[PDB]
Amino acid sequence: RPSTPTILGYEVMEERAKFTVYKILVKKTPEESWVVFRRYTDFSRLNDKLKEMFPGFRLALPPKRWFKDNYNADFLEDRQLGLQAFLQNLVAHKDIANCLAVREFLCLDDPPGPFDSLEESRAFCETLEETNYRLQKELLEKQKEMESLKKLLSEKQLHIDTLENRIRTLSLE
Amino acid sequence: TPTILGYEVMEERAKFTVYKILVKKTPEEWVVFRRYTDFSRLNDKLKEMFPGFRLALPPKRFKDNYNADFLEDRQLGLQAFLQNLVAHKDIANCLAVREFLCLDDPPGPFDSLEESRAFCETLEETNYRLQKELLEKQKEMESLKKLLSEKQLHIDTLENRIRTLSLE
């Protein structure tokens with residue numbers, strides 16, 4: 001039942017390719033509080049696990065941008081408001097707010113404190129690189145299932161050819 | 001036949017591999033830099049437009065990313081790959097191929113990295129494409145699952161029919 005996670009701000013970081021992280025204030029007890037830094041991608045993956053584990057519940061993430069400026073000020077602030085709404089709705093549900101993946105997302109178990117937070121985010125956050133890697137892996141696995149299916153389809157088809165032979169043969173005899 | 005000079009690890013706070021490629025068609029004529037990733041993507045497009053022709057090198061990976069031995073084997077595979085690109089007339093004149101080597105309207109020898117950043121697809125776009133593919137292939141797979149159910153039904157029908165004729 002954690003007090004409303006509140007997004008404090010965002011900051012655009014630079015690896016010579018920019019990415020945005022969100023400063024999320026998290027409060028457990030009105031006295032002690034800590035901050036975690038999360039990329040949009042992370043909110044995404046979370047919501048994905050939520051759609052799986054809670055199929056009877058849908059939560060809202062603001063849209064993706066593949067094309068229009070990602071680092072636009074109006075857009076980024078919009079994106080933020082949307083993320084805080086996402087969080088409020090995230091804790092307002094009882095099963096969800098205590099969900100395992102949620103507790104990991106907010107570090108409600110072993111919070112970093114200051115100075116530990118960039119470390120934790122660096123370990124946790126999936127980069128676009130790693131995300132794309134995952135996507136390739138899935139693409140391959142789905143290729144596997146698809147071939148398995150096509151083969152299987154071929155087999156059933158062969159059985160059908162056989163049965164038709166058996167039918168045409170018996171009809172004339 | 002354009003010939004590769006060497007390899008270099010370039011970096012914008014994420015490590016990536018570029019290949020410094022000399023490009024000439026019947027020499028007495030420039031330099032282009034190309035990521036492995038473009039060779040790969042191009043190879044995918046080749047597998048699209050030229051389905052009955054497969055060219056060289058299969059995947060890289062989960063292991064040490066920079067391995068000098070692996071580096072040279074990969075490069076040899078790449079010059080062979082270029083060799084295969086020029087060996088078929090159609091491949092050599094394929095749109096994606098002539099655009100790839102800057103064969104349409106080449107920049108000349110000083111413009112190398114500029115064109116390189118301009119050409120390579122950004123990580124955002126790569127990710128968009130990949131998502132699209134994943135969705136398409138799930139659609140296909142679902143249609144397929146359906147098809148298999150249909151075929152199953154047909155088999156049930158025919159078995160019933162043979163049992164029928166059996167007694168008659």
# chains A, B, ... in the order shown; residues from 1 in each chain; ligands from 1
call {"tool": "select_by_dssp", "arguments": {"residues": "chain B", "states": "helix (DSSP H, G or I)", "output": "PyMOL selection string"}}
result
chain B and resi 36-49+68-87+89-93+95-100+113-119+123-166
call {"tool": "interface_residues", "arguments": {"of": "chain B", "to": "chain A", "cutoff": "9 Å", "atoms": "only C-alpha atoms", "output": "PyMOL selection string"}}
result
chain B and resi 11-14+123-128+130-131+133-134+137-138+140-141+144-145+147-148+151-152+154-155+158-159+161-162+165-166
call {"tool": "residues_around", "arguments": {"residues": "residue B:65", "least_positions_apart": "5", "cutoff": "12 Å", "atoms": "only C-alpha atoms", "output": "PDB file with N, CA and C atoms, in the first residue's frame"}}
result
ATOM      1  N   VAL B   9      36.907   0.198 -34.442  1.00  0.00           N
ATOM      2  CA  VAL B   9      35.856   0.279 -33.441  1.00  0.00           C
ATOM      3  C   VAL B   9      35.560   1.754 -33.221  1.00  0.00           C
ATOM      4  N   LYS B  15      29.854   0.965 -27.812  1.00  0.00           N
ATOM      5  CA  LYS B  15      30.852   0.541 -28.781  1.00  0.00           C
ATOM      6  C   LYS B  15      30.170  -0.046 -30.032  1.00  0.00           C
ATOM      7  N   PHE B  16      30.687   0.292 -31.219  1.00  0.00           N
ATOM      8  CA  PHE B  16      30.195  -0.301 -32.474  1.00  0.00           C
ATOM      9  C   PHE B  16      31.303  -0.451 -33.526  1.00  0.00           C
ATOM     10  N   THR B  17      31.136  -1.410 -34.432  1.00  0.00           N
ATOM     11  CA  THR B  17      32.172  -1.737 -35.412  1.00  0.00           C
ATOM     12  C   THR B  17      31.894  -1.151 -36.793  1.00  0.00           C
ATOM     13  N   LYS B  60      26.082 -12.957 -35.887  1.00  0.00           N
ATOM     14  CA  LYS B  60      26.973 -12.632 -34.798  1.00  0.00           C
ATOM     15  C   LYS B  60      26.147 -12.763 -33.517  1.00  0.00           C
ATOM     16  N   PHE B  70      37.738 -13.494 -34.590  1.00  0.00           N
ATOM     17  CA  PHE B  70      36.358 -13.338 -35.029  1.00  0.00           C
ATOM     18  C   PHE B  70      36.258 -12.135 -35.978  1.00  0.00           C
ATOM     19  N   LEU B  71      37.007 -11.073 -35.671  1.00  0.00           N
ATOM     20  CA  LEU B  71      37.044  -9.863 -36.507  1.00  0.00           C
ATOM     21  C   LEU B  71      37.490 -10.126 -37.933  1.00  0.00           C
ATOM     22  N   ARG B  74      35.053 -12.679 -39.785  1.00  0.00           N
ATOM     23  CA  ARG B  74      33.920 -11.856 -40.196  1.00  0.00           C
ATOM     24  C   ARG B  74      34.246 -10.983 -41.411  1.00  0.00           C
TER      25      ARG B  74
END
call {"tool": "residues_around", "arguments": {"residues": "stretch 103-115 of chain B", "least_positions_apart": "3", "cutoff": "9 Å", "atoms": "only C-alpha atoms", "output": "VMD selection string"}}
result
chain B and resid 30 to 33 93 95 97 to 100 118 to 120
call {"tool": "residues_around", "arguments": {"residues": "stretch 99-103 of chain A", "least_positions_apart": "5", "cutoff": "8 Å", "atoms": "only C-alpha atoms", "output": "MDAnalysis selection string"}}
result
chainID A and resid 46 49 108:109
call {"tool": "write_last_selection", "arguments": {"atoms": "N, CA and C atoms", "output": "PDB file, in the first residue's frame"}}
result
ATOM      1  N   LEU A  46       7.124  -2.816 -17.676  1.00  0.00           N
ATOM      2  CA  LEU A  46       6.255  -3.045 -16.531  1.00  0.00           C
ATOM      3  C   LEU A  46       4.827  -3.256 -16.975  1.00  0.00           C
ATOM      4  N   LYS A  49       4.197  -6.554 -18.326  1.00  0.00           N
ATOM      5  CA  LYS A  49       4.013  -7.644 -17.388  1.00  0.00           C
ATOM      6  C   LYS A  49       2.652  -7.546 -16.713  1.00  0.00           C
ATOM      7  N   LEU A 108      10.815  -1.290  -3.622  1.00  0.00           N
ATOM      8  CA  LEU A 108      10.166  -1.128  -2.324  1.00  0.00           C
ATOM      9  C   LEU A 108      10.799  -2.019  -1.248  1.00  0.00           C
ATOM     10  N   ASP A 109      11.530  -3.042  -1.687  1.00  0.00           N
ATOM     11  CA  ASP A 109      12.267  -3.939  -0.800  1.00  0.00           C
ATOM     12  C   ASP A 109      13.624  -3.383  -0.365  1.00  0.00           C
TER      13      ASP A 109
END
call {"tool": "residues_around", "arguments": {"residues": "residue A:79", "least_positions_apart": "4", "cutoff": "8 Å", "atoms": "only C-alpha atoms", "output": "MDAnalysis selection string"}}
result
chainID A and resid 62:63 75 83
call {"tool": "atom_distance", "arguments": {"atom1": "atom CA of residue A:23", "atom2": "atom CA of residue A:4"}}
result
13.9 Å
call {"tool": "residues_around", "arguments": {"residues": "residue B:19", "least_positions_apart": "6", "cutoff": "9 Å", "atoms": "only C-alpha atoms", "output": "PyMOL selection string"}}
result
chain B and resi 4-9+32-36+75
call {"tool": "write_last_selection", "arguments": {"atoms": "N, CA, C and O atoms", "output": "PDB file, in the first residue's frame"}}
result
ATOM      1  N   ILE B   4      37.522  -3.897 -49.374  1.00  0.00           N
ATOM      2  CA  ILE B   4      37.631  -3.407 -47.997  1.00  0.00           C
ATOM      3  C   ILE B   4      39.055  -3.232 -47.493  1.00  0.00           C
ATOM      4  O   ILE B   4      39.915  -4.086 -47.700  1.00  0.00           O
ATOM      5  N   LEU B   5      39.281  -2.138 -46.776  1.00  0.00           N
ATOM      6  CA  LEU B   5      40.615  -1.744 -46.365  1.00  0.00           C
ATOM      7  C   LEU B   5      40.851  -2.355 -44.992  1.00  0.00           C
ATOM      8  O   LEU B   5      41.777  -3.148 -44.802  1.00  0.00           O
ATOM      9  N   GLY B   6      40.004  -1.995 -44.033  1.00  0.00           N
ATOM     10  CA  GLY B   6      40.184  -2.506 -42.680  1.00  0.00           C
ATOM     11  C   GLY B   6      38.975  -2.387 -41.769  1.00  0.00           C
ATOM     12  O   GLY B   6      37.861  -2.119 -42.223  1.00  0.00           O
ATOM     13  N   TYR B   7      39.193  -2.600 -40.473  1.00  0.00           N
ATOM     14  CA  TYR B   7      38.129  -2.412 -39.489  1.00  0.00           C
ATOM     15  C   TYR B   7      38.546  -1.436 -38.393  1.00  0.00           C
ATOM     16  O   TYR B   7      39.730  -1.292 -38.077  1.00  0.00           O
ATOM     17  N   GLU B   8      37.548  -0.761 -37.830  1.00  0.00           N
ATOM     18  CA  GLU B   8      37.753   0.180 -36.733  1.00  0.00           C
ATOM     19  C   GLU B   8      36.596   0.140 -35.734  1.00  0.00           C
ATOM     20  O   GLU B   8      35.433   0.055 -36.129  1.00  0.00           O
ATOM     21  N   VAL B   9      36.907   0.198 -34.442  1.00  0.00           N
ATOM     22  CA  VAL B   9      35.856   0.279 -33.441  1.00  0.00           C
ATOM     23  C   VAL B   9      35.560   1.754 -33.221  1.00  0.00           C
ATOM     24  O   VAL B   9      36.363   2.471 -32.621  1.00  0.00           O
ATOM     25  N   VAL B  32      34.191   4.733 -48.060  1.00  0.00           N
ATOM     26  CA  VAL B  32      32.963   4.674 -47.262  1.00  0.00           C
ATOM     27  C   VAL B  32      33.133   3.814 -46.009  1.00  0.00           C
ATOM     28  O   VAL B  32      33.867   2.822 -46.012  1.00  0.00           O
ATOM     29  N   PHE B  33      32.457   4.211 -44.937  1.00  0.00           N
ATOM     30  CA  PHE B  33      32.451   3.450 -43.692  1.00  0.00           C
ATOM     31  C   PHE B  33      31.102   2.784 -43.543  1.00  0.00           C
ATOM     32  O   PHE B  33      30.070   3.418 -43.757  1.00  0.00           O
ATOM     33  N   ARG B  34      31.103   1.495 -43.229  1.00  0.00           N
ATOM     34  CA  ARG B  34      29.835   0.786 -43.065  1.00  0.00           C
ATOM     35  C   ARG B  34      29.801  -0.105 -41.843  1.00  0.00           C
ATOM     36  O   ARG B  34      30.722  -0.871 -41.592  1.00  0.00           O
ATOM     37  N   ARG B  35      28.709  -0.030 -41.097  1.00  0.00           N
ATOM     38  CA  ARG B  35      28.567  -0.887 -39.943  1.00  0.00           C
ATOM     39  C   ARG B  35      28.195  -2.270 -40.440  1.00  0.00           C
ATOM     40  O   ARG B  35      27.595  -2.410 -41.502  1.00  0.00           O
ATOM     41  N   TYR B  36      28.593  -3.288 -39.684  1.00  0.00           N
ATOM     42  CA  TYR B  36      28.166  -4.664 -39.920  1.00  0.00           C
ATOM     43  C   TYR B  36      26.652  -4.735 -40.025  1.00  0.00           C
ATOM     44  O   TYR B  36      26.101  -5.467 -40.841  1.00  0.00           O
ATOM     45  N   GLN B  75      35.395 -10.300 -41.398  1.00  0.00           N
ATOM     46  CA  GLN B  75      35.761  -9.465 -42.555  1.00  0.00           C
ATOM     47  C   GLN B  75      35.942 -10.260 -43.853  1.00  0.00           C
ATOM     48  O   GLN B  75      35.431  -9.860 -44.895  1.00  0.00           O
TER      49      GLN B  75
END
call {"tool": "atom_distance", "arguments": {"atom1": "atom CA of residue B:29", "atom2": "atom CA of residue B:87"}}
result
20.3 Å
call {"tool": "closest_residue", "arguments": {"among": "A:78, A:126, A:69, A:52", "to": "residue A:10", "atoms": "only C-alpha atoms"}}
result
A:78
call {"tool": "closest_atom_pairs", "arguments": {"of": "stretch 78-139 of chain B", "to": "stretch 49-53 of chain B", "cutoff": "10 Å", "atoms": "only C-alpha atoms", "output": "JSON lines"}}
result
{"residue": "B:84", "atom": "CA", "partner": "B:53", "partner_atom": "CA", "distance": 9.8}
{"residue": "B:88", "atom": "CA", "partner": "B:53", "partner_atom": "CA", "distance": 9.7}
{"residue": "B:90", "atom": "CA", "partner": "B:50", "partner_atom": "CA", "distance": 9.0}
{"residue": "B:91", "atom": "CA", "partner": "B:50", "partner_atom": "CA", "distance": 7.9}
{"residue": "B:94", "atom": "CA", "partner": "B:49", "partner_atom": "CA", "distance": 8.7}
{"residue": "B:96", "atom": "CA", "partner": "B:49", "partner_atom": "CA", "distance": 9.7}
call {"tool": "atom_distance", "arguments": {"atom1": "atom CA of residue A:104", "atom2": "atom CA of residue A:127"}}
result
17.6 Å
